[PDB]
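*Asks:* Sharing a structure with you now.
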Amino acid sequence: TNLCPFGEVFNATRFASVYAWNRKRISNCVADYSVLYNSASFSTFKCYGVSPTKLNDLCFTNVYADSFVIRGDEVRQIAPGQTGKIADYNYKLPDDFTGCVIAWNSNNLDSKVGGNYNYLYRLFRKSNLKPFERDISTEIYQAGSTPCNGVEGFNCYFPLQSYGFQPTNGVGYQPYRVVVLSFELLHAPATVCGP
Amino acid sequence: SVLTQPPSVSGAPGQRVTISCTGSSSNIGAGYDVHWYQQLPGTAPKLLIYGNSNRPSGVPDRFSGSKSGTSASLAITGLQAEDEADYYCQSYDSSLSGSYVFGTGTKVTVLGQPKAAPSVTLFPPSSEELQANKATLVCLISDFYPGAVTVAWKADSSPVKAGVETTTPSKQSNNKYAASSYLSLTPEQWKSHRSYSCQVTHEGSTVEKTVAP
Amino acid sequence: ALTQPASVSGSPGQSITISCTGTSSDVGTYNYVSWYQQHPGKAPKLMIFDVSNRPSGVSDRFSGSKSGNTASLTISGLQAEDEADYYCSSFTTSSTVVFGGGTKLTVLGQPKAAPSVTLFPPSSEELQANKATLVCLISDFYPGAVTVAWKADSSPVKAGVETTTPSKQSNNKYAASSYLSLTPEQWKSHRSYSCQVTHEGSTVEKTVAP
Amino acid sequence: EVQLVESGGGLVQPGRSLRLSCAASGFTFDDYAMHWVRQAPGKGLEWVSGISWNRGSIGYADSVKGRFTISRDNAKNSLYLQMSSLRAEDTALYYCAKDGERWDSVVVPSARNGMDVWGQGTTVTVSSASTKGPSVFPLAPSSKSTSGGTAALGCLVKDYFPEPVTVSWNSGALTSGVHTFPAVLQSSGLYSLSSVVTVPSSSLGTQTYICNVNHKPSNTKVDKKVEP
Amino acid sequence: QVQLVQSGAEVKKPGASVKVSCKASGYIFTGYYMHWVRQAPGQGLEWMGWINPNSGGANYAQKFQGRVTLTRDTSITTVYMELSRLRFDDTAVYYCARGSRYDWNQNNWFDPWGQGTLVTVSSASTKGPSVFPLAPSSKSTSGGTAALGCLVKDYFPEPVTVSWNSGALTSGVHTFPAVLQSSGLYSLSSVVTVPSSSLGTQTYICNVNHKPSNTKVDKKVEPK
Ligand SMILES: *[C@@H]1O[C@H](CO)[C@@H](O[C@@H]2O[C@H](CO)[C@@H](O[C@@H]3O[C@H](CO)[C@@H](O)[C@H](O)[C@@H]3O)[C@H](O)[C@H]2NC(C)=O)[C@H](O)[C@H]1NC(C)=O
């Protein structure tokens, strides 16, 4: 009769950077979604594949929660089929994604006067990330023909930057916290279902 | 912010015309699309183009749209008699809690008939109104095409702007446009001078009318 | 490094071309040559970046050219606010910045001014504390070139002379100071001393006696 | 089929408060987002505010942020807008639109598909002045307004509120040659128009002309003679 | 707006170690390389090296390959430059500048620059100044204007603040630059020109304040 640790993810103290998003596997508990789609606190609750009304009355095999923080002008890229820097180098969603993406502003908990450089993100890479691929390498990206072999300079950059979060930025540059709940349907007796 | 548009574009039937909606680094500089709406005279705005490249059902094949850099462009090839309306461009903005912004608006009118020469006439205040502590000069213009006319009021050697008003050009049953301009002042200000005048300008053609006691 | 001329002088309204000669690995490969200006007693200001483009707030009187392995800075319409130190810099192929030898622009057109010399003997407290210092102050002269000499009644004084470098005042003129350190016995042993300044062939002497 | 009808419109003196409603039918009102779009008389469109699927994402314009309050109730499939502290600029025509995505936001939206269905429009007029009757003055011909053998003369109505006013000539017996132009807003916030007629000057000295003005807001019925 | 600030001037001894801090404010601190430029007194500019405040790498010149250290601190957005094993040729002004962009494409110029910090390496210890009145005489006056002043000798380090009547007298004051003697002690003189009447009826007092030696001394310049 245990309850799913939904509060441990949404009310968490700190979120990981977008480049290395956190991952939480939820199972063996009863899921009560009435709190989610009736909270009036999330600024985005898009669902692809199902609807918030029917989502509660449908059994799920497994569920994964990927939480991160991205700037305001990059929340429109977390969707199946979209492209961009975040959609090819940081977080790539599959084309047959069946799940939901919650998002809410956090301009009062992830900001500080002078700049907050604790949230990193990848900018340069060789190829595009596969669906649900994680990369935490910090090697020097090579853009030219000459091999830099680990020294920075011309044609050799650092593939990790960070946003300058400040409390005086526009809504496009404000740090929004995003949580993607994916439902990987497999062959299982549906251990987790709603009332 | 706001989106800039040309105030008026015209042409002949069977000719390609284009309207340009220029944004900024926030409106179109980001990955925000731009939509095009068409509003007929006296009706609610209709969705003409969505997503800056697609087209909803009902819209013919003539209307096209394409964006580049920080500016979009709508194109109409082969104008008809059904494409005289207003056109607006819309996109989102992300700045200090940005909001949806619209374009200035472009009035597309097909030149079915060529230009003409308008007739103008000034009427001064009557004696009943002169004694009624009220005065107004009216400069009326009729039979002009298209609808682009300005009127300026001038005393003996100086253009005046206190009390000017001009009505929006309206259409009559003969397909020609008419309008009027009012200069409302007190009787003593008019009686204390020698002459007044209304000057009308339509497509460069300038006509004068002077009134004196 | 990059070789620049020592000093260039020109008349107002004319044009001066400063040539910064680099290397096939500095100015031959990349086109990132920059020209900075530094005033006496201030931080160097960025004047030209991008051998063609000029940042906001800069006038059109300055321009930059490049042909082969030698950059050039063309200044037209000389004024009084142009005399400063100009430096050319560039980025090598190994991601390393290299600066030039520095060029000094002396805008010709200013008049010649004779120096004013003030001579002060050692005070009573100086000899009361077993010390002696003669002071020779030079002010309001141009250009910044002047030699100093100390003369006893019939002899030169070479040991015990401290002379500073000429510096520019607020009114675009120069000034300097010289100190002669001696003991009260040597100060009271001779009859008189003199400070002599030499500037552009002219000479001015000032004498002092107890 | 998709239609939105807005009620609750009228004239209110500045400073008061109004409530503009908007119903919906023929689609799932529970999902799509709603927006308010106002347009000044003879001007371009303008955004007002917007809600999206819940009270979580609510946006307001940069000029009506602290005045207008938008709400909605999914039970009755309708939305509301409570305006207060109105000024001389709020007079316009309002439309309640909807988004083109099922769960699109308003504060950081994915701007795609635009706004498909628009409302018919509801007028909101804010005039501090009170209603009154029209003043009528005759515009008589002279030696300067003669051209083509046809002189023009008429009657000018001014300083009335609100629209409209009916004007006739000779109690309807004279039909040809009449020209009535729409009234224009004055500086004081009222209307003024003129009804003119162009007649051959050969009948100026034989037949008299009477202009009749009728106005319902003040029950004004006035006949005036226009003589040289 | 963007800006860079440095620390105050420093004075050390041969064999010590200096550490200059540079704080950037007004832009993304971790998106632009930080260069250091050293300038000797009366000499051309010299390039020391650059540091990346994003990852932590740094590249120094061949001359300073062994006795320099560049570190970063993103919590307070500062960059530290430590110079160890100082010598007599290490006295200079150290500017910190914003260099290239994160991809070496857009920005390739040093802008903006810092305010400039000075590092004076010397062997002489902190010594209090000595004030002496250079009094006027009948031979040091011509046309009705006599010169008189105060001489500050044998002090270290720089600078010193000389005023006249708490800043009241300003018409005709001249403070010449401080000379460097062969013993490491500085000496300067501040003079004023005054009409002869105020030389007979007004007594002038010069106030010398040396903050590094917390000294404040008044001296009355009377006719000899
Ligand atoms: C993260 O923390 C917040 C706040 O602690 C959680 O929201 C809280 O959810 C509970 C659910 O029952 C709310 O309790 C009910 O509130 C109503 C309204 O006042 C009250 O009438 C009931 O008697 C009951 O107490 C609680 O109010 C609400 N708190 C706030 C501030 O809204 C949230 O659920 C947590 N996150 C997760 C994932 O659970």
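Identifiers for the structure tokens are assigned positionally: chains receive A, B, ... in sequence, residues are indexed from 1 per chain, and ligands are indexed from 1 in the order shown.
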What are the residues of chain C lining chain E at 9 Å or less? Count only C-alpha atoms, and put the answer as a PyMOL selection string.
*Replies:* chain C and resi 32-34+36+42-46+48-50+87+89-91+95-102+118-126+135+137+162-165+167+175-179+208
*Asks:* Write to file, as an mmCIF file, in the first residue's frame, the residues of the selection just made, with C-alpha atoms.
*Replies:*
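Resulting contents of result_28.cif:
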data_model
loop_
_atom_site.group_PDB
_atom_site.id
_atom_site.type_symbol
_atom_site.label_atom_id
_atom_site.label_comp_id
_atom_site.auth_asym_id
_atom_site.auth_seq_id
_atom_site.Cartn_x
_atom_site.Cartn_y
_atom_site.Cartn_z
ATOM 1 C CA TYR C 32 43.146 39.255 -36.600
ATOM 2 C CA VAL C 33 45.537 42.215 -36.340
ATOM 3 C CA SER C 34 44.412 44.858 -33.842
ATOM 4 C CA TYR C 36 45.310 49.746 -29.508
ATOM 5 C CA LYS C 42 45.607 55.230 -18.327
ATOM 6 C CA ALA C 43 44.493 51.828 -19.544
ATOM 7 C CA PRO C 44 44.987 50.968 -23.235
ATOM 8 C CA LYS C 45 41.831 51.607 -25.247
ATOM 9 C CA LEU C 46 40.668 49.422 -28.118
ATOM 10 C CA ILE C 48 40.706 49.050 -34.248
ATOM 11 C CA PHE C 49 39.798 45.346 -34.259
ATOM 12 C CA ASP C 50 39.358 43.641 -37.628
ATOM 13 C CA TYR C 87 50.440 49.163 -30.377
ATOM 14 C CA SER C 89 48.845 42.978 -31.880
ATOM 15 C CA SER C 90 47.999 39.713 -33.599
ATOM 16 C CA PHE C 91 47.113 36.076 -32.951
ATOM 17 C CA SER C 95 46.741 30.449 -30.265
ATOM 18 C CA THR C 96 49.206 32.979 -28.862
ATOM 19 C CA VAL C 97 48.948 36.774 -28.844
ATOM 20 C CA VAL C 98 51.932 38.882 -29.912
ATOM 21 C CA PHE C 99 52.327 42.638 -29.402
ATOM 22 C CA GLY C 100 54.521 45.164 -31.183
ATOM 23 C CA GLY C 101 57.373 47.397 -30.096
ATOM 24 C CA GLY C 102 55.060 50.380 -29.650
ATOM 25 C CA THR C 118 63.435 77.447 -9.113
ATOM 26 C CA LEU C 119 66.406 76.744 -6.839
ATOM 27 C CA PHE C 120 66.052 76.047 -3.115
ATOM 28 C CA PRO C 121 68.945 75.696 -0.641
ATOM 29 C CA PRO C 122 69.063 73.315 2.340
ATOM 30 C CA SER C 123 66.923 74.672 5.165
ATOM 31 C CA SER C 124 68.127 75.258 8.717
ATOM 32 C CA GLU C 125 66.447 72.055 9.922
ATOM 33 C CA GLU C 126 68.330 70.170 7.199
ATOM 34 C CA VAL C 135 66.619 71.377 -4.958
ATOM 35 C CA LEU C 137 62.814 72.398 -10.064
ATOM 36 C CA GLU C 162 69.503 62.572 -8.413
ATOM 37 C CA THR C 163 67.519 63.617 -11.495
ATOM 38 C CA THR C 164 64.068 62.334 -12.442
ATOM 39 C CA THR C 165 62.608 61.865 -15.925
ATOM 40 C CA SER C 167 56.839 64.220 -17.210
ATOM 41 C CA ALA C 175 58.463 69.486 -15.612
ATOM 42 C CA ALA C 176 61.295 67.809 -13.725
ATOM 43 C CA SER C 177 63.295 67.991 -10.511
ATOM 44 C CA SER C 178 66.895 67.491 -9.412
ATOM 45 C CA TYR C 179 68.374 66.948 -5.954
ATOM 46 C CA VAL C 208 72.435 80.253 -4.399
#
*Asks:* Determine, counting only C-alpha atoms, which protein, DNA and RNA residues have an atom within 9 Å of an atom of range 159-162 of chain D; residues of the same chain fewer than 3 positions away are not included. Present the result as an MDAnalysis selection string.
*Replies:* chainID D and resid 129:135 165 186 188:192 215 217:218
*Asks:* Determine, using only C-alpha atoms, which residues of chain A have any atom at most 7 Å from an atom of chain D, and tabulate each with its shortest atom pair and distance in Å to one decimal place, rows ordered by chain and then rising number, as CSV.
*Replies:*
residue,atom,partner,partner_atom,distance
A:40,CA,D:56,CA,4.1
A:41,CA,D:56,CA,4.9
A:42,CA,D:56,CA,5.7
A:43,CA,D:57,CA,5.0
A:44,CA,D:105,CA,6.2
A:46,CA,D:103,CA,5.5
A:72,CA,D:108,CA,7.0
A:76,CA,D:110,CA,5.6
*Asks:* Given a cut-off of 8 Å, what residues near ligand 1 show up using only C-alpha atoms and all ligand atoms, put as a ChimeraX atom specification?
*Replies:* /A:5-11,35-36,39
*Asks:* Tell me which of E:71, E:202, E:62, E:77 sits closest to chain A, counting only C-alpha atoms.
*Replies:*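 Among E:71, E:202, E:62, E:77, it is E:77 that comes nearest to chain A.
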*Asks:* Return the neighbours of chain A among the residues of chain E, cut-off 10 Å, counting only C-alpha atoms, as JSON, numbers by chain.
*Replies:* {"E": [24, 25, 26, 27, 28, 29, 30, 31, 52, 54, 55, 57, 58, 59, 74, 75, 76, 77, 101, 102, 103, 104, 105]}
*Asks:* Which of range 2-186 of chain C end up as alpha helix (DSSP H) when DSSP is run on this backbone - answer as a VMD selection string?
*Replies:* chain C and resid 124 to 128 184 to 186
*Asks:* May I have the residues within 9 Å of residue 207 in chain C as a tab-separated table (two decimals) with N, CA and C atoms, in the first residue's frame, using only C-alpha atoms and disregarding those fewer than 2 positions away in the same chain?
*Replies:*
chain	number	residue	atom	x	y	z
C	119	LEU	N	65.32	77.36	-7.59
C	119	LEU	CA	66.41	76.74	-6.84
C	119	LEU	C	66.22	77.02	-5.35
C	151	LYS	N	77.10	73.14	-10.46
C	151	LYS	CA	78.36	73.86	-10.58
C	151	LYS	C	78.69	74.53	-9.26
C	192	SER	N	79.24	79.44	-2.98
C	192	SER	CA	77.94	79.38	-3.63
C	192	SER	C	77.88	78.16	-4.53
C	193	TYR	N	76.65	77.78	-4.89
C	193	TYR	CA	76.40	76.70	-5.83
C	193	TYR	C	75.45	77.19	-6.91
C	194	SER	N	75.35	76.42	-7.99
C	194	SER	CA	74.48	76.81	-9.09
C	194	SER	C	73.93	75.59	-9.81
C	195	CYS	N	72.68	75.69	-10.24
C	195	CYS	CA	72.02	74.69	-11.06
C	195	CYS	C	71.85	75.24	-12.47
C	196	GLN	N	72.32	74.49	-13.46
C	196	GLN	CA	72.29	74.91	-14.86
C	196	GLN	C	71.45	73.92	-15.66
C	205	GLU	N	70.98	79.42	-15.86
C	205	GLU	CA	71.66	79.13	-14.61
C	205	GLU	C	70.98	79.85	-13.45
C	209	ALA	N	73.61	81.10	-2.46
C	209	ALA	CA	74.70	81.25	-1.51
C	209	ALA	C	74.12	81.44	-0.11
*Asks:* As an exercise, work out the distance from CA of residue 69 in chain D to CA of residue 49 in chain D in Å and give it to one decimal place.
*Replies:*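 Separating CA of residue 69 in chain D from CA of residue 49 in chain D is a distance of 8.5 Å.
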*Asks:* Would you write out, as a Markdown table, a table of all residues in chain D that have an atom no more than 7 Å from an atom of chain B, listing for each the closest atom pair and the distance in Å to one decimal, considering only C-alpha atoms and ordering rows by chain and rising residue number?
*Replies:*
| residue | atom | partner | partner_atom | distance |
| --- | --- | --- | --- | --- |
| D:44 | CA | B:104 | CA | 6.2 |
| D:45 | CA | B:102 | CA | 6.6 |
| D:46 | CA | B:102 | CA | 6.6 |
| D:47 | CA | B:100 | CA | 6.3 |
| D:61 | CA | B:99 | CA | 6.4 |
| D:111 | CA | B:33 | CA | 6.2 |
| D:112 | CA | B:51 | CA | 5.5 |
| D:113 | CA | B:50 | CA | 4.9 |
| D:114 | CA | B:50 | CA | 5.6 |
| D:115 | CA | B:47 | CA | 6.7 |
| D:116 | CA | B:47 | CA | 5.6 |
| D:118 | CA | B:44 | CA | 6.7 |
| D:119 | CA | B:44 | CA | 6.9 |
| D:120 | CA | B:44 | CA | 6.1 |
| D:137 | CA | B:129 | CA | 6.3 |
| D:138 | CA | B:126 | CA | 6.7 |
| D:139 | CA | B:126 | CA | 6.5 |
| D:145 | CA | B:121 | CA | 7.0 |
| D:184 | CA | B:167 | CA | 5.6 |
*Asks:* Can you list, as a list in words, every protein, DNA or RNA residue that comes within 7 Å of range 82-89 of chain D when you count only C-alpha atoms, leaving out same-chain residues fewer than 5 positions away?
*Replies:*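 So, after excluding close chain neighbours, the residues are residues 14, 15, 16, 17, 18, 19, 20, 67, 68, 69, 70 and 126 of chain D.
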*Asks:* Keeping only N, CA and C atoms, take the residues you just selected and write them out as a PDB file, in the first residue's frame.
*Replies:*
ATOM      1  N   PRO D  14     -16.021  55.791 -17.701  1.00  0.00           N
ATOM      2  CA  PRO D  14     -14.697  55.323 -17.268  1.00  0.00           C
ATOM      3  C   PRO D  14     -14.603  55.222 -15.753  1.00  0.00           C
ATOM      4  N   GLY D  15     -13.827  54.240 -15.287  1.00  0.00           N
ATOM      5  CA  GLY D  15     -13.671  53.971 -13.878  1.00  0.00           C
ATOM      6  C   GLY D  15     -14.472  52.783 -13.384  1.00  0.00           C
ATOM      7  N   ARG D  16     -15.582  52.468 -14.045  1.00  0.00           N
ATOM      8  CA  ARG D  16     -16.431  51.356 -13.647  1.00  0.00           C
ATOM      9  C   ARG D  16     -15.800  50.033 -14.081  1.00  0.00           C
ATOM     10  N   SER D  17     -16.518  48.937 -13.842  1.00  0.00           N
ATOM     11  CA  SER D  17     -16.039  47.602 -14.163  1.00  0.00           C
ATOM     12  C   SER D  17     -17.060  46.877 -15.027  1.00  0.00           C
ATOM     13  N   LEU D  18     -16.560  45.989 -15.885  1.00  0.00           N
ATOM     14  CA  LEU D  18     -17.404  45.216 -16.784  1.00  0.00           C
ATOM     15  C   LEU D  18     -16.957  43.761 -16.784  1.00  0.00           C
ATOM     16  N   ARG D  19     -17.846  42.891 -17.262  1.00  0.00           N
ATOM     17  CA  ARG D  19     -17.587  41.456 -17.343  1.00  0.00           C
ATOM     18  C   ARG D  19     -17.963  40.962 -18.735  1.00  0.00           C
ATOM     19  N   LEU D  20     -16.960  40.542 -19.503  1.00  0.00           N
ATOM     20  CA  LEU D  20     -17.149  40.025 -20.854  1.00  0.00           C
ATOM     21  C   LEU D  20     -17.044  38.505 -20.818  1.00  0.00           C
ATOM     22  N   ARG D  67      -5.141  45.360 -14.276  1.00  0.00           N
ATOM     23  CA  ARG D  67      -6.541  45.761 -14.349  1.00  0.00           C
ATOM     24  C   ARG D  67      -7.463  44.618 -14.740  1.00  0.00           C
ATOM     25  N   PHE D  68      -7.141  43.889 -15.804  1.00  0.00           N
ATOM     26  CA  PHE D  68      -8.014  42.846 -16.327  1.00  0.00           C
ATOM     27  C   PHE D  68      -7.733  41.525 -15.623  1.00  0.00           C
ATOM     28  N   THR D  69      -8.793  40.762 -15.358  1.00  0.00           N
ATOM     29  CA  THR D  69      -8.659  39.438 -14.756  1.00  0.00           C
ATOM     30  C   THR D  69      -9.422  38.435 -15.607  1.00  0.00           C
ATOM     31  N   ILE D  70      -8.726  37.423 -16.117  1.00  0.00           N
ATOM     32  CA  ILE D  70      -9.344  36.409 -16.965  1.00  0.00           C
ATOM     33  C   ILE D  70      -9.601  35.156 -16.141  1.00  0.00           C
ATOM     34  N   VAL D 126     -16.510  53.306 -24.115  1.00  0.00           N
ATOM     35  CA  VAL D 126     -16.328  54.027 -22.860  1.00  0.00           C
ATOM     36  C   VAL D 126     -16.355  55.520 -23.176  1.00  0.00           C
TER      37      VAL D 126
END
